[PDB]
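I have placed the structure first, in the form of structure tokens, so that the comments after it can refer back to it.
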Amino acid sequence: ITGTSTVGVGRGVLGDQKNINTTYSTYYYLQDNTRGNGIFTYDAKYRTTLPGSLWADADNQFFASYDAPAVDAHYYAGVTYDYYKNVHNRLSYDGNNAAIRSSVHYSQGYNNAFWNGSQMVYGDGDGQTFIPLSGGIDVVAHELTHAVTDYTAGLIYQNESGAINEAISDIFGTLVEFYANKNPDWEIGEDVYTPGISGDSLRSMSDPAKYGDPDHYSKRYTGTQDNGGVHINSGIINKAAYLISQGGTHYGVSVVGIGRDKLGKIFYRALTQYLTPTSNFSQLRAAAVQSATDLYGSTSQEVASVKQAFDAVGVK
Ligand SMILES: CC(C)C[C@H](NP(=O)(O)CNC(=O)OCc1ccccc1)C(=O)NC[C@@H](C)C(C)(C)C
Ligand SMILES: [Ca+2]
Ligand SMILES: [Ca+2]
Ligand SMILES: [Ca+2]
Ligand SMILES: [Ca+2]
Ligand SMILES: [Zn+2]
């Protein structure tokens with residue numbers, strides 16, 4: 001909408017106060033004009049028709065319980081935009097400052113979040129498996145990264161390419177969480193998963209097997225559920241990425257860590273210059289090796305560590 005840029009204040013899902021960029025024209029809208037061609041957050045009003053209505057508020061204060069998922073979807077989309085722009089010189093998900101749209105309060109009791117081809121969508125959870133999913137910065141960044149993938153490599157959402165697609169979203173979700181630097185970890189979704197259970201998470205990148213996901217290619221899922229295991233087999237790639245960054249010895253194979261920033265550079269280059277819609281795990285290894293070679297040189301520690309990490313997870 002046309003209006004003047006304003007700064008509201010509110011509380012997110014976890015109870016934390018934050019400032020949010022809004023737009024004033026009669027109402028204060030969740031429309032952040034400070035980033036690209038805008039970040040826009042919508043109310044789906046417990047229904048499934050999208051996007052719903054652009055979030056309108058009378059007083060620019062967002063402290064109601066109903067407001068909290070909107071505050072966080074809006075704010076964490078901004079953090080994710082900043083990560084891609086400042087770290088990778090990428091302007092929004094399409095590279096040309098496309099408007100970023102999110103809807104919250106999608107459906108009833110909805111234990112998921114997704115990119116629908118055009119926008120991000122967040123359930124409120126049922127209060128048992130999830131609380132409102134936009135409360136997780138890694139979750140928000142995971143969703144926006146699906147849009148990045150779709151505009152770049154275009155990894156088909158099934159089987160190995162789909163597990164790579166998933167892992168890319170978990171990797172960059174985690175790197176955005178570290179960028180913001182509030183309680184960062186290598187776990188996925190811990191801030192919004194299972195409010196009655198402390199210390200767990202939806203997935204672990206450091207130890208995928210803690211939640212039953214494979215940490216070696218020989219343990220990959222080969223059935224048809226979950227689009228051929230896209231949220232399961234992602235563990236193999238998540239573990240490789242974790243090892244590249246942090247190092248470790250896994251199934252007897254030692255990996256020298258090179259840190260998160262270099263992990264992000266390698267995987268961003270692989271995603272945007274080498275992967276294709278049909279890339280499989282072996283082709284991801286080759287893309288990561290080539291990316292590290294481009295950035296650091298063929299004789300570099302970074303190339304050697306990429307090879308060690310894929311060896312450790314059984315991907316040749
Ligand atoms: C980061 C996480 C909190 C949320 C993330 N959402 P996502 O990976 O983004 C789900 N996405 C999804 O299933 O997309 C299918 C689709 C939708 C629309 C158009 C085309 C395809 C995700 O991992 N969901 C699976 C969990 C909830 C399980 C338990 C596997 C059902
Ligand atoms: Ca208000
Ligand atoms: Ca965390
Ligand atoms: Ca996390
Ligand atoms: Ca929990
Ligand atoms: Zn996903």
Side-chain angles (χ1 to χ4, degrees), residues 3-82 92-93 98-116 118-127 130-147 173 176-177 180 189 191-193 195:
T4 192
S5 299
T6 48
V7 177
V9 63
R11 194 177 309 284
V13 173
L14 276 61
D16 53 323
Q17 185 174 301
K18 59 202 76 183
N19 294 338
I20 50 262
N21 292 296
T22 58
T23 297
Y24 177 74
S25 181
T26 305
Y27 286 98
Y28 299 88
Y29 293 91
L30 296 180
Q31 173 181 319
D32 173 3
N33 307 306
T34 75
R35 292 172 172 110
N37 291 300
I39 299 175
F40 299 78
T41 301
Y42 296 78
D43 189 3
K45 315 177 177 178
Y46 307 136
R47 294 186 67 99
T48 58
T49 53
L50 291 173
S53 59
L54 185 65
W55 193 286
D57 184 90
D59 67 2
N60 217 19
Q61 314 298 296
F62 299 80
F63 293 90
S65 306
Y66 192 82
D67 300 340
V71 169
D72 279 344
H74 197 66
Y75 183 93
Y76 294 142
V79 178
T80 304
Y81 178 97
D82 289 351
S92 196
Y93 54 88
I100 297 167
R101 303 187 197 275
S102 304
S103 300
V104 301
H105 297 301
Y106 178 79
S107 194
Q108 297 190 25
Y110 194 82
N111 286 322
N112 218 333
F114 59 102
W115 172 261
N116 81 339
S118 307
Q119 64 163 107
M120 291 176 282
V121 184
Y122 300 90
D124 289 334
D126 64 7
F130 286 106
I131 67 178
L133 285 81
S134 60
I137 189 175
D138 53 3
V139 177
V140 170
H142 177 111
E143 306 312 333
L144 191 49
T145 296
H146 280 304
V176 173
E177 183 173 308
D191 290 337
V192 293
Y193 191 63

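For the single chain, residues carry numbers from 1 onward in sequence order.
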- [ ] Identify the residue among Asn19, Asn60, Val71 that makes a side-chain contact (heavy atoms from CB on, under 4.5 Å) with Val9.
- [x]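 Exactly one option meets the side-chain contact (heavy atoms from CB on, under 4.5 Å) with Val9, and it is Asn19.
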TODO: Using the side-chain contact (heavy atoms from CB on, under 4.5 Å) rule, pick out the option among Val104, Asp43, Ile131, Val192 that qualifies with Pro69.
DONE: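 When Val104, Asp43, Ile131, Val192 are each tested with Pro69, the side-chain contact (heavy atoms from CB on, under 4.5 Å) holds only for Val104.
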Open item on the list: Quick one: does any side-chain atom of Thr6 pair with a main-chain N or O of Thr22 as donor and acceptor, under 3.5 Å?
Closed with: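 Yes; at least one donor-acceptor contact below 3.5 Å.
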- [ ] Return yes when atom CZ of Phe130 has more than 12 non-hydrogen atoms of other residues, nucleotides or ligands closer than 6.0 Å, and no otherwise.
- [x]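 Yes, because the 6.0 Å sphere around CZ of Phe130 holds more than 12 heavy atoms from other groups.
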Task: Within 6.0 angstrom of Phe114 CZ, more than 12 heavy atoms from elsewhere - done: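 Atom CZ in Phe114 is packed in, count exceeds 12.
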Roughly how far, to the nearest 0.5 Å, is the [atom2] atom of [Y] from the [atom1] atom of [X]?
| X | Y | atom1 | atom2 | value |
| --- | --- | --- | --- | --- |
| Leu144 | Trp115 | CG | CH2 | 6.5 Å |
| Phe63 | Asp57 | CZ | CG | 10.5 Å |
| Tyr106 | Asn112 | OH | CG | 9.5 Å |
| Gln31 | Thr41 | CD | OG1 | 10.0 Å |
| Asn33 | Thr4 | CG | OG1 | 8.5 Å |

Open item on the list: Applying salt bridge (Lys or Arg N to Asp or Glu O under 4.0 Å), can you list everything that pairs with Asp138, at least two apart in sequence or on another chain?
Closed with: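 Counting only residues at least two positions away or on another chain, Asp138 forms no salt bridge (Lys or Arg N to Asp or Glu O under 4.0 Å).
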Task: By salt bridge (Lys or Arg N to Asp or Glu O under 4.0 Å) - contacts of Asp32 (at least two apart) - done: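 Expected list: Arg35.
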Task: Any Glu143 side-chain heavy atom under 4.5 Å of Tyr76 side chain - done: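 Not in contact.
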TODO: Report yes if the side chains of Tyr46 and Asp124 come closer than 4.5 Å at any heavy-atom pair, otherwise no.
DONE: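 When only atoms from C-beta onward are counted, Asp124 and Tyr46 do touch, with a gap below 4.5 Å.
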Task: Worked verdict on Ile100 versus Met120 for side chain to side chain contact (heavy atoms under 4.5 Å, CB included) - done: CA-CA 8 Å; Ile100 297 167; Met120 291 176 282; 3.4 Å; yes
- [ ] Quick one: do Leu30 and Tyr42 satisfy side chain to side chain contact (heavy atoms under 4.5 Å, CB included)? Show the steps, please.
- [x] CA-CA 8 Å; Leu30 296 180; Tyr42 296 78; over 6 Å; no
Indicate the atoms forming the closest heavy-atom contact of [X] with [Y], along with that distance.
| X | Y | result |
| --- | --- | --- |
| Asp67 | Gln61 | OD2-O, 4.1 Å |
| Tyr122 | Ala113 | CD2-CB, 3.7 Å |
| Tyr81 | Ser92 | CE1-N, 3.7 Å |
| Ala99 | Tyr93 | O-OH, 3.1 Å |
| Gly136 | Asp191 | CA-CB, 4.4 Å |
| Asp72 | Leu14 | OD2-N, 4.4 Å |

Open item on the list: Would you call the rings of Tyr24 and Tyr28 parallel, tilted or perpendicular, taking 30° and 60° as the class edges?
Closed with: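 Tilted.
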TODO: Could you tell me how the ring of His105 sits relative to the ring of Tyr66: parallel (under 30°), tilted (30 to 60°) or perpendicular (over 60°)?
DONE: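 If you compare the ring of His105 with that of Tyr66, the planes turn out parallel.
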Open item on the list: Using a 6.0 Å distance limit plus a 45 degree cone around the ring axis, check whether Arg101 lies over the aromatic ring of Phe40.
Closed with: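 Checked: cation-pi criterion met.
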Check: residues 49-56 side-chain donor-acceptor pairs under 3.5 Å, at least two apart:
| residue | atom | partner | partner atom | Å |
| --- | --- | --- | --- | --- |
| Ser53 | OG | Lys45 | NZ | 3.0 |

Open item on the list: What verdict does the side chain to side chain contact (heavy atoms under 4.5 Å, CB included) test give for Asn21 and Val7, after you've listed the backbone C-alpha separation in whole Å, the side-chain angles of each residue and the deciding distance to 0.1 Å?
Closed with: CA-CA 5 Å; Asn21 292 296; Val7 177; 4.1 Å; yes
